[PDB]
Ligand SMILES: Cc1cc(OCCCc2c(C(=O)NS(=O)(=O)c3ccccc3)[nH]c3ccccc23)cc(C)c1Cl
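In PDB author numbering, the protein residues as written are 171 to 194, 203 to 320.
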């Protein structure tokens, strides 16, 4: 097993889907409430950049969402790894998730999640371990 990966995918998965479907172990549940508060804050403050980036990505179907990976890696990894940019990575994900339910492609949400987790855990794995993973996440937005 890879429990940072499956915890990461569980949290990002349900955060994205509840964000698009309106709504809605113990560590995963505190991370998810943290990521509601912070997540919705960030989507409201970067909303001008977020819609700029959404419209420029132009996601229509699920082969779009599968292309997204390496532009994700590009925008995301600028070395100086920190929770702020991680949570922006997830929250933009949510932004995209609600836009995919608008155009009635909820089927792409879980691939999208599977991509975000996939970028995150594979590009920051050592940093995330050194910060005790999602317990670091929760206690950083304490
Ligand atoms: C699901 C998905 C997520 C993606 O995340 C990218 C990194 C997060 C991000 C920043 C960002 O990091 N901006 S920043 O350098 O000024 C920054 C760094 C730390 C805390 C707050 C802001 N600006 C953004 C503007 C628009 C969209 C996302 C961001 C990227 C892609 C392609 C997809 Cl398909």
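Every residue, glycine too, gets a C-beta built ideally from N, C-alpha and C.
By the neighbour-count definition (other C-beta atoms within 10 Å, threshold 16), residue 269 is a buried residue.
Take the alpha-carbon of residue 225 and the one of residue 233: they are about 12 Å apart. By the Cβ test, the region 298-314 is not in contact with the region 271-283, since fewer than three Cβ pairs between them sit closer than 8 Å. Taking 9 Å as the cut-off, the Cβ atoms of residue 185 and residue 257 do not count as close.
A contact is defined here as three or more CB-CB pairs under 8 Å, and the region 204-224 fails this definition with respect to the region 237-254. The shortest C-alpha to C-alpha distance from residue 187 to any of 209, 231, 286 is the one to 286. With a beta-carbon spacing of about 6 Å, residue 251 and residue 297 fall inside the 8 Å limit used to define contacts. The DSSP-derived three-state label of residue 259 is coil. 181 is the residue among 194, 236, 181, 190 whose C-alpha sits nearest the C-alpha of residue 212.
Distance from the C-beta of residue 290 to the nearest heavy atom of ligand 1 is below 8 Å. For the options 174, 191, 237, 261, the alpha carbon positioned closest to that of residue 319 is the one of 261.
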